[PDB]
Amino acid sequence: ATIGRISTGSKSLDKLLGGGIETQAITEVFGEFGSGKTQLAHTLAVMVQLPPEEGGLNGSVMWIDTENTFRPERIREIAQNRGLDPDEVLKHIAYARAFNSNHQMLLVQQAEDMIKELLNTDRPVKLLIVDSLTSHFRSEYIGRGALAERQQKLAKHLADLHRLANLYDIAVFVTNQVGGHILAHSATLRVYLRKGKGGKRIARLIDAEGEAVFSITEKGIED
C-alpha cells in the first residue's frame, strides 16, 4: 500500500512532516511534560477519523496508556469544535492501560487481533498510539539498567510495533517524556517538542529542516 498521511491540525507541523504523520512508520514525539506531545496525540486521534480531503484516513484508533493521560473529554472538545460527532469519534478509539512493561508487550499482540477484525470494515485501524512508551521500561529496572533484559524487551516491543505499522498500513504514534528517561531511537521519524515563547510549542526533526510552531487550542493544535 502507498503511504497515507494524517494531518496534525497545524499547517506548519504538517509541512515539517511532509504532509502529516505517515502510515507504515513509527513516529516518536518527545519532550518535557506539557511540550504538546499529549495534545498532539489526542488531536491525531480525531484528525485520522476525517476523510483524506480534510487530512484524515477514515480510520479507527487504538490507544495504549502507560501513565493515565487519555482524556475522553479532550477528544470530545476537539471533535465538537471541529466538524465531528463526538459519539462516533470516541466509539472508534479503543483504549487500554498497560499495567507494566510485560502487559504492555501483550497489549500490542492483542491489538493485532482487533486490527485484523477491523481490516475489512469501513473504519480499519489507521492510528495506534502508545503514550509514554518507555515509562515502565524505565521504572522497573532502577539499579539494574545494564541488565540485557530491559534492552531486549524494549527492542522486541518496538519491532512488534514496526511490524504492525508496515503489515497493516497503520501510523504508529508514540510519545516519550524527558536525565534517566529512555527514548524510542528506533522510531522511523523522531520529533523533539519544547515550550517556546508566548505559549507556543516548537517542533524540530531529529534526523538522527527548520522548525514548526503551533498552539494548543480548542481544536487540539493549530498554527
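One rule holds for the numbers: they count along the sequence shown, beginning at 1.
Missing deposited residues between residue 208 and residue 209: 4 to 9, all without coordinates in the entry. In the deposited entry, the stretch joining residue 178 to residue 179 is interrupted by 1 to 3 residues of the deposited sequence lacking coordinates. Averaged over CA atoms, B-factors in the entry run higher in 80-88 than in the other of 80-88 and 121-129. Between the stretches 37-45 and 64-72, it is 64-72 that shows the larger average CA temperature factor. Sort the modelled residues of the chain by CA B factor and residue 197 lands in the highest third.
Annotation for residue 160: C-alpha temperature factor in the middle third relative to the rest of the modelled chain, per the entry. In the PDB entry, a CA B factor belonging to the highest third of its chain's modelled residues is recorded for residue 102.
Placement of the Cα temperature factor of residue 27 within the chain: lowest third of the modelled residues, per the deposited record.
Split the chain's modelled residues into thirds by C-alpha temperature factor. Residue 183 is in the highest one.
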